[PDB]
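Peer 1: Structure incoming, see below.
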Amino acid sequence: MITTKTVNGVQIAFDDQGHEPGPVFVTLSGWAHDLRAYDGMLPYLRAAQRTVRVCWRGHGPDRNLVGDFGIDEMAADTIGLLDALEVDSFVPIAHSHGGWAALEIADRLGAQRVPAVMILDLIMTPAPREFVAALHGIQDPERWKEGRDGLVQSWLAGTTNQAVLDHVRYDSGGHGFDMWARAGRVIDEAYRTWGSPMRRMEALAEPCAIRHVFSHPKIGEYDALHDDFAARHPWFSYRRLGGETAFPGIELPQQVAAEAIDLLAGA
Ligand SMILES: CCCCCCCc1nc2ccccc2c(O)c1O
């Protein structure tokens, strides 16, 4: 199934499925996992649009350590892969903090090449202090494994969803302190630099259609924040789903895919 290309000097793994006209779906995972985060969604995406699933450098089948990198390379590697394939307009679907890279891509290319972006359960507020502590915990060589187990448990809550449990237990091996600390550094620095993903979207020279889909932060002020952002920004949209986990794409693939098709249809 899975293919590779050298882009910007590094091996980018991806797969490319589907041949239907219109924008191309481009899936982007969080840190420390790969395109298996979109196995559940893939049947539904690829039936609607050509779908290219993309891994970050160092995240493909080759798990050699690569040189330090951050959002800029994530964005440039991905753009360069799509250019090598001559993908014109496309819609990123990005999980969690992959969304920082997806917004950088939309910023670099403007709203005709990237007419929409979908983000899946990314903390839209400034970083909670509890979250900042985990991001520093994962940069400490002696207890990075604890910070991971701590974040993982949050994401899962009490779920009984097998897809999500297997993904985190069995399908995300092969990373360790190098990548989890990089994630810590890059994520922390994005919140410290931009304050929040919502401020980042507002710095967009020309915002494309951006939709946030999430289950996790409990219902309440978090939705009120989204209502207000949507009321001030017609390009922004959101949907709370009824899942237990911070992996809506894996837990509720059909619903998330349907939201992605709908976002594209509107743009
Ligand atoms: C285990 C399986 C991989 C899934 C994680 C990708 C999504 C994700 N990664 C993070 C990585 C480091 C720190 C915080 C993170 C976070 O808050 C996320 O939501």
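Going by the structure tokens order, chains are called A, B, ..., each with residues numbered from 1, while ligands are numbered from 1 in the order shown.
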Which residues are near range 57-72 of chain A? Cut-off 7 Å, only C-alpha atoms, ignore same chain within fewer than 4 positions. Put them as a list in words.

Peer 2: residues 10, 11, 12, 13, 32, 33, 34, 76, 100, 101 and 186 of chain A

Peer 1: Give me the residues near range 210-226 of chain A as number ranges by chain, where near means some atom within 9 Å (using only C-alpha atoms) and where sequence neighbours in that chain fewer than 3 positions away do not count.

Peer 2: A: 103, 115-125, 155, 201, 207, 229-231, 235-248, 256, 259-260, 263

Peer 1: Take the residues from that selection and put them in a file with C-alpha atoms, as a PDB file, in the first residue's frame.

Peer 2:
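Writing the result to out35.pdb gives the following:
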ATOM      1  CA  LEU A 103      -2.883  26.375   8.917  1.00  0.00           C
ATOM      2  CA  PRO A 115      -9.953  26.531  -0.074  1.00  0.00           C
ATOM      3  CA  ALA A 116     -10.725  24.769   3.233  1.00  0.00           C
ATOM      4  CA  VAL A 117      -9.014  23.199   6.242  1.00  0.00           C
ATOM      5  CA  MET A 118     -10.546  20.769   8.725  1.00  0.00           C
ATOM      6  CA  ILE A 119      -9.041  20.399  12.202  1.00  0.00           C
ATOM      7  CA  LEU A 120      -9.903  17.535  14.543  1.00  0.00           C
ATOM      8  CA  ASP A 121      -9.900  18.162  18.314  1.00  0.00           C
ATOM      9  CA  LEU A 122      -7.154  20.788  18.713  1.00  0.00           C
ATOM     10  CA  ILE A 123      -7.182  22.863  21.903  1.00  0.00           C
ATOM     11  CA  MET A 124      -8.580  26.200  20.689  1.00  0.00           C
ATOM     12  CA  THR A 125      -7.979  28.063  23.991  1.00  0.00           C
ATOM     13  CA  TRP A 155      -7.437  11.616  25.205  1.00  0.00           C
ATOM     14  CA  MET A 201      -6.439  31.652  12.239  1.00  0.00           C
ATOM     15  CA  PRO A 207      -8.696  33.014   5.936  1.00  0.00           C
ATOM     16  CA  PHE A 229     -15.574  32.939  16.930  1.00  0.00           C
ATOM     17  CA  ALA A 230     -18.061  31.719  14.320  1.00  0.00           C
ATOM     18  CA  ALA A 231     -20.273  34.781  14.837  1.00  0.00           C
ATOM     19  CA  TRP A 235     -15.101  31.577   7.308  1.00  0.00           C
ATOM     20  CA  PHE A 236     -14.941  29.594  10.577  1.00  0.00           C
ATOM     21  CA  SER A 237     -17.229  26.703  11.465  1.00  0.00           C
ATOM     22  CA  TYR A 238     -17.368  23.974  14.095  1.00  0.00           C
ATOM     23  CA  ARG A 239     -19.179  20.843  15.165  1.00  0.00           C
ATOM     24  CA  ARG A 240     -19.160  19.185  18.530  1.00  0.00           C
ATOM     25  CA  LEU A 241     -19.527  15.429  18.146  1.00  0.00           C
ATOM     26  CA  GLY A 242     -20.774  13.070  20.808  1.00  0.00           C
ATOM     27  CA  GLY A 243     -17.684  10.933  21.213  1.00  0.00           C
ATOM     28  CA  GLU A 244     -15.811   9.939  24.314  1.00  0.00           C
ATOM     29  CA  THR A 245     -12.320  10.542  22.920  1.00  0.00           C
ATOM     30  CA  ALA A 246     -10.007  13.193  21.534  1.00  0.00           C
ATOM     31  CA  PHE A 247      -9.733  11.111  18.278  1.00  0.00           C
ATOM     32  CA  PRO A 248     -12.988  11.914  16.478  1.00  0.00           C
ATOM     33  CA  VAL A 256     -16.083  13.225  10.507  1.00  0.00           C
ATOM     34  CA  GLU A 259     -18.346  16.825   7.843  1.00  0.00           C
ATOM     35  CA  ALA A 260     -15.260  17.021   5.609  1.00  0.00           C
ATOM     36  CA  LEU A 263     -17.010  21.621   4.269  1.00  0.00           C
TER      37      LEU A 263
END

Peer 1: Counting only C-alpha atoms and all ligand atoms, which protein, DNA or RNA residues come within 6 Å of ligand 1, given as a list in words?

Peer 2: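 The neighbouring residues of ligand 1 are, in order, residues 30, 31, 32, 33, 96, 97, 135, 168, 172, 180, 183 and 184 of chain A.
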
Peer 1: Would you pick out the contacts of residue 39 in chain A at 12 Å or less, using only C-alpha atoms, so that residues sharing its chain but fewer than 5 positions from it are not included, and give the list as a ChimeraX atom specification?

Peer 2: /A:15,27,29,34,44-46,51,53,163-164,167,171,249-254,257

Peer 1: Could you write those residues out with C-alpha atoms, as a PDB file, in the first residue's frame?

Peer 2:
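Writing the result to part33.pdb gives the following:
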ATOM      1  CA  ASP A  15      -0.521   6.941  -0.042  1.00  0.00           C
ATOM      2  CA  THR A  27      -4.936  13.871   5.805  1.00  0.00           C
ATOM      3  CA  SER A  29      -1.899  13.287  11.737  1.00  0.00           C
ATOM      4  CA  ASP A  34       1.138   8.142  11.001  1.00  0.00           C
ATOM      5  CA  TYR A  44     -15.428   7.468   3.015  1.00  0.00           C
ATOM      6  CA  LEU A  45     -12.937  10.148   1.997  1.00  0.00           C
ATOM      7  CA  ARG A  46     -11.589   8.259  -1.022  1.00  0.00           C
ATOM      8  CA  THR A  51      -7.342  11.363  -0.961  1.00  0.00           C
ATOM      9  CA  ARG A  53      -2.673  10.635   3.287  1.00  0.00           C
ATOM     10  CA  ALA A 163     -10.606   1.340  17.058  1.00  0.00           C
ATOM     11  CA  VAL A 164      -9.297   4.067  19.352  1.00  0.00           C
ATOM     12  CA  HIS A 167      -4.647   2.693  17.690  1.00  0.00           C
ATOM     13  CA  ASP A 171      -0.562   1.066  16.042  1.00  0.00           C
ATOM     14  CA  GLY A 249     -11.592  10.663  13.130  1.00  0.00           C
ATOM     15  CA  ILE A 250     -10.948   7.217  14.576  1.00  0.00           C
ATOM     16  CA  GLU A 251     -13.957   7.050  16.926  1.00  0.00           C
ATOM     17  CA  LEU A 252     -16.517   8.550  14.519  1.00  0.00           C
ATOM     18  CA  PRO A 253     -15.012   8.140  11.018  1.00  0.00           C
ATOM     19  CA  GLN A 254     -18.291   8.299   9.088  1.00  0.00           C
ATOM     20  CA  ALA A 257     -15.792  12.250   6.821  1.00  0.00           C
TER      21      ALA A 257
END

Peer 1: Just asking: which residues within range 59-244 of chain A are strand (DSSP E) according to DSSP, as a count of residues only?

Peer 2: 22

Peer 1: Have a look at A:56, A:144, A:194, A:90 and name the one nearest to residue 21 in chain A; count only C-alpha atoms.

Peer 2: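 When distances to residue 21 in chain A are compared using only C-alpha atoms, the smallest one comes from A:90.
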
Peer 1: What is the distance, in Å and to one decimal place, between CA of residue 151 in chain A and CA of residue 136 in chain A?

Peer 2: 11.9 Å

Peer 1: Would you mind reading off the distance between CA of residue 134 in chain A and CA of residue 150 in chain A, one decimal, in Å?

Peer 2: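 These atoms are spaced 7.5 Å apart.
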
Peer 1: Tell me which of A:152, A:205, A:7, A:264 sits closest to residue 131 in chain A, counting only C-alpha atoms.

Peer 2: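 With only C-alpha atoms as the atom set, the closest residue is A:152.
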
Peer 1: Counting only C-alpha atoms, what is within 10 Å of residue 133 in chain A, bar same-chain residues fewer than 4 positions away, as a list in words?

Peer 2: residues 127, 128, 129, 137, 138, 147, 184 and 188 of chain A

Peer 1: Limited to N, CA, C and O atoms, could you put the picked residues into a file as a PDB file, in the first residue's frame?

Peer 2:
ATOM      1  N   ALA A 127      -3.083  27.588  26.121  1.00  0.00           N
ATOM      2  CA  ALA A 127      -2.744  26.260  26.677  1.00  0.00           C
ATOM      3  C   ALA A 127      -3.143  26.218  28.152  1.00  0.00           C
ATOM      4  O   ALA A 127      -2.672  27.063  28.932  1.00  0.00           O
ATOM      5  N   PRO A 128      -4.015  25.297  28.571  1.00  0.00           N
ATOM      6  CA  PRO A 128      -4.226  25.079  30.015  1.00  0.00           C
ATOM      7  C   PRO A 128      -2.896  24.811  30.707  1.00  0.00           C
ATOM      8  O   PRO A 128      -1.994  24.202  30.123  1.00  0.00           O
ATOM      9  N   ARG A 129      -2.771  25.288  31.951  1.00  0.00           N
ATOM     10  CA  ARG A 129      -1.536  25.053  32.701  1.00  0.00           C
ATOM     11  C   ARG A 129      -1.247  23.559  32.846  1.00  0.00           C
ATOM     12  O   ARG A 129      -0.095  23.128  32.706  1.00  0.00           O
ATOM     13  N   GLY A 137       6.816  18.040  30.598  1.00  0.00           N
ATOM     14  CA  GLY A 137       7.118  16.697  31.056  1.00  0.00           C
ATOM     15  C   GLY A 137       7.653  15.815  29.948  1.00  0.00           C
ATOM     16  O   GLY A 137       8.499  14.952  30.185  1.00  0.00           O
ATOM     17  N   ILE A 138       7.143  15.994  28.720  1.00  0.00           N
ATOM     18  CA  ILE A 138       7.573  15.112  27.635  1.00  0.00           C
ATOM     19  C   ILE A 138       8.932  15.524  27.089  1.00  0.00           C
ATOM     20  O   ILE A 138       9.481  14.833  26.223  1.00  0.00           O
ATOM     21  N   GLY A 147       4.702  11.582  31.054  1.00  0.00           N
ATOM     22  CA  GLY A 147       3.903  12.588  30.369  1.00  0.00           C
ATOM     23  C   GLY A 147       3.074  12.038  29.215  1.00  0.00           C
ATOM     24  O   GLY A 147       1.958  12.514  28.962  1.00  0.00           O
ATOM     25  N   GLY A 184       6.683  18.214  22.223  1.00  0.00           N
ATOM     26  CA  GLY A 184       6.637  19.135  23.348  1.00  0.00           C
ATOM     27  C   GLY A 184       7.169  20.510  23.023  1.00  0.00           C
ATOM     28  O   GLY A 184       6.544  21.520  23.346  1.00  0.00           O
ATOM     29  N   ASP A 188       4.475  23.648  22.532  1.00  0.00           N
ATOM     30  CA  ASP A 188       4.598  24.709  23.521  1.00  0.00           C
ATOM     31  C   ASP A 188       4.945  26.042  22.851  1.00  0.00           C
ATOM     32  O   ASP A 188       4.344  27.082  23.168  1.00  0.00           O
TER      33      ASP A 188
END

Peer 1: Could you work out how far CA of residue 73 in chain A lies from CA of residue 8 in chain A, giving the answer in Å with one decimal?

Peer 2: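 Here the two named atoms are 8.5 Å from each other.
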
Peer 1: Give the alpha helix (DSSP H) residues of range 6-87 of chain A, as assigned by DSSP on the backbone, as an NGL selection string.

Peer 2: :A and (42-48 or 71-85)

Peer 1: How would the residues just chosen look if you wrote them out with C-alpha atoms as a CSV table (one decimal), in the first residue's frame?

Peer 2:
chain,number,residue,atom,x,y,z
A,42,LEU,CA,-10.3,6.4,4.4
A,43,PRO,CA,-13.2,4.4,2.7
A,44,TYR,CA,-15.4,7.5,3.0
A,45,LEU,CA,-12.9,10.1,2.0
A,46,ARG,CA,-11.6,8.3,-1.0
A,47,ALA,CA,-15.1,7.5,-2.3
A,48,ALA,CA,-15.8,11.3,-2.5
A,71,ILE,CA,5.9,23.4,11.8
A,72,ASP,CA,7.8,25.1,8.9
A,73,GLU,CA,9.2,21.7,7.7
A,74,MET,CA,5.9,19.9,8.3
A,75,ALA,CA,4.3,22.5,6.0
A,76,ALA,CA,7.1,22.5,3.4
A,77,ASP,CA,7.5,18.8,3.2
A,78,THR,CA,3.8,18.4,2.7
A,79,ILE,CA,3.6,21.1,0.0
A,80,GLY,CA,6.5,19.6,-1.8
A,81,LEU,CA,5.0,16.2,-1.9
A,82,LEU,CA,1.8,17.6,-3.3
A,83,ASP,CA,3.7,19.6,-5.9
A,84,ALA,CA,5.7,16.5,-6.9
A,85,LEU,CA,2.3,14.9,-7.6

Peer 1: Ranking A:181, A:28, A:208, A:156 by minimum distance to residue 143 in chain A and counting only C-alpha atoms, which one comes first?

Peer 2: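 The answer is A:181, which sits nearest to residue 143 in chain A.
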